[PDB]
Amino acid sequence: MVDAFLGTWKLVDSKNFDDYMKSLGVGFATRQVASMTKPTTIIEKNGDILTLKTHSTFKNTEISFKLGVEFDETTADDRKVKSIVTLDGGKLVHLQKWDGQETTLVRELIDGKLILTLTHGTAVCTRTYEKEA
Ligand SMILES: CCCCCCCCCCCCCCCC(=O)O
Ligand SMILES: N[C@@H]1[C@@H](O)[C@H](O)[C@@H](COP(=O)(O)O)O[C@@H]1O
């Protein structure tokens, strides 16, 4: 039920990503480079396994998961977390837990653009991705 999310997407706007990274304890030099990086996110499915690739000139990640089933993840900033991804209100909600902390990565389609909202602590970052053909 994840189908409109599938494809290759390019970052076209970012708000408050420095605040989100700083909340997670990312150091200033990594924040600096990240603030100038425009990732490509690729979301594919094979049966009920999703694979989400994030590619850039700086960091690169890949995760595979089944919705609703917890998985181990090592994030771009090297946090080792317990993760689960579900559909909720038509949004793809990715929850990461580690050391009693949590962060959510929520993706929603609005007017054909994929809006990624990242929340940790009080920090709320909104990143807009546009689909590639
Ligand atoms: C894979 C590219 C990551 C770029 C930024 C690296 C340092 C901060 C990492 C924070 C967690 C992951 C944020 C993902 C943001 C996104 O997908 O647009
Ligand atoms: N096992 C890991 C990942 O879990 C971690 O995310 C990543 C850091 O980002 P990058 O690969 O870009 O250094 O290193 C590996 O490839």
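What counts and how
- Residues numbered from 1 in each chain as written, not as in the entry; some residues may be left out.
- Chains lettered and ligands numbered in written order.
- Heavy atoms only, no water.
- UniProt positions renumbered as here; feature names shortened; annotations may be inferred.
- Helix = DSSP H or I, 4+ residues; strand = E, 2+ residues; numbered from the N terminus.
- Buried < 20%, exposed > 50% of the residue type's maximum accessible area, 1.4 Å probe, protein only.
- Contact = heavy atoms within 4.5 Å.
- Areas by Shrake-Rupley, 256 points an atom, 1.4 Å probe, with all protein chains shown as cover.
- Near = heavy atom within 4 Å.
- Polar contact = N/O pair within 3.5 Å; in protein donor to acceptor, adjacent residues only side chain to side chain.
- Nonpolar A, V, L, I, M, F, W, Y, C, P; charged D, E, K, R; others polar.
- 1 Å grid on protein atoms, 1.4 Å probe; cavity = no way out; pocket = protein on both sides within 12 Å on 5 of 7 lines; lining within 4 Å.
- Points joined across faces, edges and corners; volume = space filled by probe spheres on them.
- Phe/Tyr/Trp six-rings, centres within 6.5 Å; stacked < 30°, edge-to-face > 60°.

Per the deposited record, X-ray crystallography is how this structure was determined, to a resolution of 0.87 Å.

Named according to the PDB entry, the protein is Fatty acid-binding protein, heart originating from Homo sapiens. Per the PDB header, the entry is named "The 0.87 angstrom X-ray structure of the human heart fatty acid-binding protein complexed with palmitic acid". Of the protein, the UniProt comment under Function reads exactly: "FABPs are thought to play a role in the intracellular transport of long-chain fatty acids and their acyl-CoA esters." For the record of the protein, the UniProt heading Subcellular location holds the text "Cytoplasm".

Participant: Sorry if this is basic, but what is going on with the overall build of the protein here?
Facilitator: Within the protein, the secondary structure is distributed over two helices and 10 strands. When the helices and strands of the protein are read in sequence order from the N terminus, they spell out β-α-α-β-β-β-β-β-β-β-β-β. Taking the principal axes of the C-alpha coordinates as reference, the protein spans close to 40 × 35 × 25 Å. A total of 133 residues make up the protein; the buried ones form 38% of that total. Partitioning the contacts of the protein with sequence separation of at least 6, the portion at a separation of at least 24 is 38%. Accessible area for the protein stands at about 7,600 Å²; split by element, carbon and sulfur atoms hold 50% of it.

Participant: Is there a simple way to explain the environment of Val 33 in this structure?
Facilitator: Mapped onto the elements, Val 33 comes out in helix α2 (residues 28-34). Put simply, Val 33 and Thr 103 are 70 residues apart on the chain and 22 Å apart in space, counted from C-alpha to C-alpha.

Participant: Which parts of the structure should I look at to understand the site of ligand 1?
Facilitator: Close to ligand 1 lie 14 residues, the nearest being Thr 54, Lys 59, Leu 116, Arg 127 and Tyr 129. One nitrogen or oxygen atom from the side chain of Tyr 129 is found 2.6 Å from an oxygen atom belonging to ligand 1. Its free accessible area being 510 Å², ligand 1 has 95% of it covered by the protein chains. Those elements that provide at least two residues to the shell around ligand 1 are α1 (17-23), α2 and β10 (123-132). A class-by-class count of the residues in the shell around ligand 1 yields six nonpolar, four polar and four charged.

Participant: Mind showing me how you'd approach the layout of surface pockets here?
Facilitator: Any empty space left between the atoms is revealed when a probe the size of a water molecule rolls over them. As a volume, the largest pocket reaches approximately 680 Å³. In this structure, the largest pocket is lined by 33 residues; those nearest its centre are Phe 17, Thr 54, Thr 61, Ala 76 and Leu 105. Partitioning the lining of the largest pocket into residue classes produces 15 nonpolar, 11 polar and seven charged. Taken as a whole, the second largest pocket holds about 160 Å³ of empty space. Along the wall of the second largest pocket there are 14 residues; nearest its centre are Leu 11, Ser 14, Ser 35, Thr 37 and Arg 127. Secondary-structure elements contributing two or more residues to the lining of the second largest pocket are β1 (7-15) and α1.

Participant: What is the right way to read the packing of aromatic side chains from this model?
Facilitator: How two aromatic rings sit relative to each other is set out by the distance from centre to centre and by the angle between their planes. Summed over all chains, the structure comprises two aromatic pairs. Note on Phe 17 and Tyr 20: the rings are 6.4 Å apart at their centroids and 10° apart in plane angle, and the pair reads as stacked. In this pair, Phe 17 and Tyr 20 are both assigned in helix α1, three residues apart and thus about one turn of the helix distant. Take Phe 17 and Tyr 20: they sit in the same class, and that class is buried.

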